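Report on the structure given below.
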Amino acid sequence: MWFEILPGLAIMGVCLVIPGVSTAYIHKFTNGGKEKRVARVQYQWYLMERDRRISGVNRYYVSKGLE
Amino acid sequence: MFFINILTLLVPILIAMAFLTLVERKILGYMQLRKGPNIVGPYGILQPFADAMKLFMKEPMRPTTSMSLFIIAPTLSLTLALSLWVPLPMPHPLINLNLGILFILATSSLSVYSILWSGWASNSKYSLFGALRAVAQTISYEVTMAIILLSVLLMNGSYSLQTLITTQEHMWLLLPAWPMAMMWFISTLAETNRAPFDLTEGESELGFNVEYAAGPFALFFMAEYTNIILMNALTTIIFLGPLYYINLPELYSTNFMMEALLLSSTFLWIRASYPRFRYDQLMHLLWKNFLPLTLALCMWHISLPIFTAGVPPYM
Amino acid sequence: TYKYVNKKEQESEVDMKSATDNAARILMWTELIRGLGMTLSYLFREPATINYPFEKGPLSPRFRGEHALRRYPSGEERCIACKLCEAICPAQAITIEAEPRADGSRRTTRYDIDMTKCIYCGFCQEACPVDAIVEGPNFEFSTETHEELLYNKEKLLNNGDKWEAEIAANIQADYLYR
Amino acid sequence: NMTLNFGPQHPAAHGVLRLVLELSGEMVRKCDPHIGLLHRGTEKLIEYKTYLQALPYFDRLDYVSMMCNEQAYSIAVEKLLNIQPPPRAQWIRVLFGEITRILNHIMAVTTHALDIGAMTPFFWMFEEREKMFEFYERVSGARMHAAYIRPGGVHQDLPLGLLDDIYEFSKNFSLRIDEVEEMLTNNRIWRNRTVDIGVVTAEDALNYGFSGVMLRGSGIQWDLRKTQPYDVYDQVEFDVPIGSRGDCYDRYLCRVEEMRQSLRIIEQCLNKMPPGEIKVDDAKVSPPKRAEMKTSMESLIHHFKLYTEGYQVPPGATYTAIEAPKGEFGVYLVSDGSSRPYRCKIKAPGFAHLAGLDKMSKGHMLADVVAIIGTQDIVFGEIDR
Amino acid sequence: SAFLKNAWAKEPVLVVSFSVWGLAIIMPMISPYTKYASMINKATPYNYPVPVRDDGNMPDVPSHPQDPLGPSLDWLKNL
Amino acid sequence: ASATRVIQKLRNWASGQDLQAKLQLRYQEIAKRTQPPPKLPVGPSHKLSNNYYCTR
Amino acid sequence: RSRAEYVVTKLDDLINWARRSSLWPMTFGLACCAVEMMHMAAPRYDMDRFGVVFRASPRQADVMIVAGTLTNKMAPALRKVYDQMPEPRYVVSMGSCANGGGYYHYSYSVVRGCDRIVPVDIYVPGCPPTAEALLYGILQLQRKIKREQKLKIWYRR
Amino acid sequence: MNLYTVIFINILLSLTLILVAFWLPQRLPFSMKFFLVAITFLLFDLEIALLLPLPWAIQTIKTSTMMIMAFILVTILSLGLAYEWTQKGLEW
Amino acid sequence: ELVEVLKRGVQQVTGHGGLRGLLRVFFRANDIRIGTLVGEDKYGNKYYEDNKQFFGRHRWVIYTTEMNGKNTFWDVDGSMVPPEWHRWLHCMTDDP
Ligand code: SF4
Ligand code: SF4
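Chains as they are written, first to last, in the entry's author numbering: chain a, 1 to 67; chain H, 1 to 63, 65 to 207, 210 to 318; chain I, 35 to 212; chain D, 79 to 463; chain b, 6 to 84; chain r, 2 to 57; chain B, 68 to 224; chain A, 1 to 26, 48 to 113; chain q, 2 to 97.
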């Protein structure tokens with residue numbers, strides 16, 4: 001019966017969600033719980049860099065009004 | 001970390017790539033009143049690994066040849082196909098590229114060589130012709146394939162595949178632009194040399212695998228199937244936009260999983276259902292039936308934005 | 035009585051409605067979608083395959099299968115070397131040479147069916163007066179070496195002893211027909 | 079026109095065909111089919127064998143139509159003896175004659191598609207084929223290569239129960255043909271690769287001796303089964319499926335239509351098969367029943383002589399042709415008074431059809447050649463003999 | 006016209022193909038929004054708007070962004 | 002057979018035909034094996050009289 | 068267990084399993100035995116289930132089923148195709164026409180067996196060797212492939 | 001760099017396979054049609070290029086000129102195609 | 002509906018002994034189906050029949066673990082079935 005084709009599809013599927021969940025949590029871990037900034041245009045890289053200089057060395061650390 | 005994120009996004013796809021052949025040799029089976037492979041392993045789950053080990057152990061005959070193409074070519078086919086998964090924006094992409102779709106279009110285009118190189122490398126005048134069929138059709142279908150994307154982009158505003166997740170937050174791009182989806186789907190069927198458009202490996206010997216056995220056979224082989232997925236996945240981002248919620252990124256990937264599998268299932272279903280087109284029948288479709296439709300609908304997609312005051316926001 | 039296939043009885047003049055219906059057929063691949071539906075339908079049907087070792091495709095009593103030489107219930111081999119099984123074999127497969135046994139009875143010193151030569155016609159089954167040579171049910175006798183396929187009297191008699199119970203049942207079922 | 083020697087590449091198969099060809103790129107300039115890759119001597123071997131021991135050769139001449147071929151030799155040997163089979167045997171031969179036609183058409187239509195690239199029709203109908211084979215086996219003993227139709231009638235009456243099953247199957251097979259249809263008759267793509275490929279004129283088809291669907295497809299009306307009735311194909315009623323605009327697609331439609339018409343002939347045969355004997359009562363030609371040879375001296379003598387020596391056909395020569403599924407299958411059997419024949423040229427619908435490959439596939443692509451070998455149902459056994 | 010008809014039923018791609026070619030060559034000419042595209046895109050502020058010195062001879066220029074003077078995109082709003 | 006109604010309905014529709022009525026797989030409709038013993042009829046020429054071969 | 072012998076027995080068991088599970092059959096489709104296998108490929112006795120693919124080009128082909136008479140005009144070819152198959156390769160001779168000459172043994176145009184032309188691994192008997200019978204023969208090839216111990220021989224060589 | 005890292009793993013994975021694959025085991050076909058296609062292909066491929074900047078050019082303040090230009094390009098090439106059809110070209 | 006099919010499924014799985022049994026069947030016979038033992042021959046083969054299933058698969062044999070010495074756990078071949086029970090398996094005779 002067709003249901004036997006499912007085992008194979010399942011294994012494919014599980015192996016196609018891993019990548020999307022993986023890439024989207026190894027980003028939120030490396031960037032400090034905040035989505036990796038996407039610097040499409042320089043302004044953004046500038047702002048990002050500015051952030052680095054503002055604190056520690058990493059941009060993800062984010063200083064606030066209390067600074 | 002980034003390395004781990006390279007294992008994921010690769011292995012997972014390779015393991016899934018293996019399970020597609022299985023779900024191809026069973027879905028084609030049940031459609032043809034037969035169980036398909038269930039005896040090796042449970043329900044045939046170990047079947048893809050089994051043939052892989054046989055293929056690598058058999059003598060790479062290396063058949065008499067230009068050697069460095071008998072080795073370089075297979076590698077290019079796997080390298081480009083696995084590489085094109087680098088930017089796919091399943092939820093977040095891995096390497097977000099501002100000109101992402103041009104990367105995908107360019108990387109696909111390079112695979113036509115592997116066919117050309119493999120065909121010249123065998124020393125069978127037959128093969129030299131077989132490669133010609135694929136190389137010619139690939140570039141041909143590429144011309145409508147590219148124009149169909151340019152129509153899309155102009156309604157997306159950018160070349161970055163990440164933008165479409167924000168373009169398709171209210172409706173799939175199938176509703177609009179369905180006429181091209183169909184034409185993207187048929188072109189995706191040609192570029193993966195799948196059935197309706199599989200003249201290669203056709204009556205030649207039912210072309211560029213003729214002399215390829217064991218490990219070289221496998222690498223292209225792997226490449227084709229990974230592509231089979233990738234192109235289907237590009238259909239599932241560009242035209243069928245999976246629901247995106249910024250709070251939970253995986254329902255995007257969960258639906259990306261569901262739509263990709265169904266459209267991957269569709270080309271499996273297409274293969275069993277249709278006879279293969281003639282070589283000229285195939286080019287007659289693209290240059291006569293599709294290219295005039297695509298070029299005109301291309302203009303409609305430069306006009307729809309302007310007079311409907313809908314010019315898309317860059318960025 | 036004849037029948038035209040692919041002969042258009044008349045020239046239906048295009049009517050917009052007709053044209054649209056047709057144009058839609060070319061533009062939206064309507065008939066192609068029809069074909070996909072058929073295969074999806076079977077995907078849902080039960081597959082007809084059989085587990086080959088566990089289940090076996092049905093063969094009725096007349097199946098010719100593999101040659102065997104039968105013996106009387108008492109234990110006396112049925113063949114009396116009339117040698118017309120040799121005469122009617124189409125392939126020249128059966129070779130028989132005989133001499134009067136010590137008992138004084140007629141028996142075959144050597145009976146060799148070359149199975150690679152044999153084309154399993156089943157005439158030998160037909161021709162034998164005592165019905166000593168029969169087409170046995172077994173079809174699975176594939177052999178690693180060519181010599182094993184050549185069969186002498188001892189292999190066939192042994193084949194006969196092993197499958198006698200089923201051979202007797204099969205001949206029992208089909209003899210009225212013959 | 080670089081000779082490619084295509085066909086030893088197992089590309090259209092149907093046997094092993096070295097179709098040496100000269101192709102300017104993808105266009106075929108000339109096709110010179112090579113034959114004899116399966117010559118085996120069937121015509122010379124028969125001269126050294128008795129009439130009944132040459133019957134198994136005919137099943138092997140074109141084995142997709144296993145029995146229909148046997149009927150042609152049967153008829154031929156019966157004519158030479160001026161003996162006719164009993165009424166029940168005649169109906170049987172028409173019953174299994176038709177079942178065999180279906181078997182051939184399921185082979186020809188589905189194998190045609192596999193070369194074209196459609197693979198699901200073959201699996202769909204090979205299951206139906208399988209079911210038919212089982213009829214053969216339960217009637218003859220062999221799935222194919224039965225030897226059931228012998229020169230004086232059938233060998234043994236039908237098992238007690240076959241007719242009922244040749245009904246259940248027939249009652250349903252139609253839907254199976256219908257399905258194939260919904261997949262190929264109107265496929266937007268089957269038509270293209272088949273339509274207007276290998277058109278053969280009517281005058282040319284008669285000239286090159288095509289004599290089969292190939293003629294019928296061009297619109298010539300000739301079914302040896304209606305024009306020159308053999309057995310009891312006269313007592314049945316069927317419609318020859320004539321074609322127009324003869325081309326690969328039209329002839330196909332014709333083969334699907336004879337599959338349909340054969341179900342009409344099978345139905346009748348089941349509805350009207352007579353009670354009776356299945357072999358001539360002349361122990362002279364037909365072997366005596368085993369109960370009789372084991373209790374009556376004249377029957378043993380007749381059993382011994384028939385199996386060891388033979389029919390002893392009266393001296394003469396005959397060309398008898400039936401309508402085998404491929405086309406006109408005829409045996410020219412010259413015979414001295416001896417029990418073993420003198421000559422037995424087998425006319426193979428197929429020796430003529432292949433020859434036409436050249437005059438059909440002109441200015442055609444490599445794929446076209448594959449389609450045309452399919453539309454001729456070439457079984458290399460009959461051509462090579 | 007008659008061919009047109011058959012063309013609609015035979016070779017029914019080109020017909021559609023051309024039709025679109027034209028409809029895209031017309032809608033822009035006649036539409037209540039075509040003008041907006043050159044405005045909506047014109048307005049989008051990408052490069053800093055440099056302020057002019059106040060000779061004090063300009064009433065048109067707004068002295069402050071939120072002033073009631075200057076350009077407005079309420080056309081973009083409620084568009 | 003042995004298919005949940007819904008699958009059957011999908012089957013019948015996708016195919017466009019009542020495939021259930023004419024299933025290919027055979028179930029308890031095929032002639033049972035060991036059909037009864039057959040007493041076949043003896044044809045003409047078995048008369049014990051006026052059966053001279055010279056006349057047949 | 069711990070012994071260079073045990074590791075070399077288990078790993079061939081692995082290598083043998085891979086070749087056994089995935090045999091791609093190259094079918095010289097001579098005569099009619101090819102039909103009796105087209106029935107094996109068909110739904111009643113699927114071969115794919117057993118990992119045997121329907122059809123693979125000679126270059127990709129682990130087994131060669133020689134169905135049908137090998138005439139003296141096809142012999143020179145069979146050998147070529149056997150010679151061009153990849154090294155790990157096996158031959159299954161199907162039909163009394165191929166394993167031995169069968170009807171047509173004494174013909175002037177028929178090689179009396181393919182064993183004369185190509186070394187043969189399993190001989191499947193029967194004029195149309197039944198399709199289960201071929202399937203039994205293919206399964207017997209799988210039993211022969213399990214028994215082979217190439218790694219063990221290299222270790223104790 | 002991030003891309004470089006990914007790509008070299010990509011080549012490495014493929015070279016690894018072929019290497020194991022080779023290590024574990026231990048004349049005048051010409052039709053102008055084909056050349057013609059290749060040519061047409063680039064004429065179209067070049068056009069694809071002149072059409073690729075259209076996503077950035079959509080945002081151009083002109084708009085009228087943009088479309089007037091783009092429509093002219095697509096139309097003149099399509100006419101090229103038209104003549105390709107009219108001529109034996111594209112008729113293989 | 003669907004629950005029913007799942008239910009019969011459980012029956013099948015739980016039917017062939019414990020998990021041990023299911024694995025014995027799942028991996029060597031490749032079919033988790035439950036029938037009625039029609040007999041056990043002296044070699045050890047166990048024969049079953051499920052008339053509900055199609056003709057092709059209503060009669061099956063689950064071969065033994067060891068026949069004539071040879072281990073037959075995985076290396077199962079058809080000939081293992083005894084000549085007496087061969088015809089029952091091939092439907093030559095409808096009588097066990
Ligand atoms: S016919 Fe029967 S008995 Fe006479 S020899 Fe041949 S086998 Fe022995
Ligand atoms: S063996 Fe019997 S069946 Fe196989 S080919 Fe020779 S004759 Fe035809």
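Backbone N, C-alpha and C fix where the C-beta goes; we use that ideal spot for every residue, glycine too.
For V155 (chain D), the enclosing alpha helix (DSSP H) has its first and last residue at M144 to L159. Assigned with DSSP and collapsed to three states, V133 (chain B) falls in strand. In this structure, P134 (chain I) has its CB at a distance of at least 7 Å from all heavy atoms of ligand 1. In this structure, the beta-carbon distance from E406 (chain D) to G290 (chain D) falls below 8 Å.
Scanning H:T21, H:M31, H:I6 and H:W121 for the CA closest to the CA of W272 (chain H) turns up H:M31.
Close partners of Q25 (chain r) in chain I (Cβ separation under 8 Å): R79 and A82. Interface criterion not met: the Cβ of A202 (chain I) is under 8 Å from no Cβ in chain q.
Taking CB atoms only, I4 (chain H) has no neighbour in chain B less than 8 Å away. Not one beta carbon of chain B lies nearer than 8 Å to the beta carbon of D199 (chain H). Residues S63 of the same chain have their beta carbon placed closer than 6 Å to that of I54 (chain a), with the five preceding and five following residues left out of the count. Short note on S78 (chain H): C-beta not closer than 7 Å to any heavy atom of ligand 2. Boundaries of the alpha helix (DSSP H) around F186 (chain H): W179 to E192.
Across the structure, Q207 (chain B) and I194 (chain D) are spaced so that their CA atoms are roughly 34 Å apart. In the DSSP assignment, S160 (chain B) falls within the beta strand (DSSP E) that extends over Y157 to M161. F200 (chain D) sits close to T189 (chain D), with the two beta carbons spaced by under 8 Å. The shortest C-alpha to C-alpha distance from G22 (chain q) to any of q:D51, q:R58, q:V82 and q:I63 is the one to q:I63.
Taken from the Cβ of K383 (chain D), every heavy atom of ligand 1 lies 7 Å or farther away. Where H287 (chain H) is concerned, there is no enclosing beta strand (DSSP E), because DSSP gives it neither an H nor an E. With respect to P81 (chain I), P110 (chain B) sits close: the two C-beta atoms are nearer than 8 Å. Going by C-alpha positions, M371 (chain D) is about 26 Å away from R171 (chain D). Taking a cut-off of 8 Å on C-beta distances, the region 11-22 of chain H does not touch the region 46-56 of chain r, as fewer than three cross pairs fall below it.
About 13 Å separates the beta carbon of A132 (chain H) from that of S67 (chain H), a gap too long to meet the 8 Å contact definition.
Using a C-beta cut-off of 8 Å, the region 35-49 of chain a makes no contact with the region 76-84 of chain H, since fewer than three inter-stretch Cβ pairs fall below that distance. Under the DSSP assignment, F95 (chain B) falls in the beta strand (DSSP E) whose first and last residues are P92 to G96. Nearest to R105 (chain I) by C-alpha distance, out of I:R212, I:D208, I:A207 and I:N192, is I:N192. Taking non-hydrogen atoms of ligand 2 into account, the C-beta of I153 (chain I) is found less than 7 Å away from one of them. Relative to ligand 2, the beta carbon of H223 (chain D) is positioned inside 7 Å of a heavy atom.
Relative to ligand 2, even the nearest heavy atom lies 7 Å or more away from the CB of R179 (chain B). For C109 (chain D), the secondary structure class from DSSP, reduced to helix, strand or coil, is strand.
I73 (chain H) is positioned such that its CB atom lies no closer than 8 Å to that of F211 (chain H). Not a single heavy atom of ligand 2 lies less than 7 Å from the C-beta of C123 (chain I). Short note on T142 (chain I): C-beta closer than 7 Å to some heavy atom of ligand 1. In the three-state scheme derived from DSSP, where H, G and I count as helix and E and B as strand, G394 (chain D) is classed as strand. DSSP, reduced to helix, strand and coil, places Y171 (chain B) outside both helices and strands of the structure shown, so it counts as coil.
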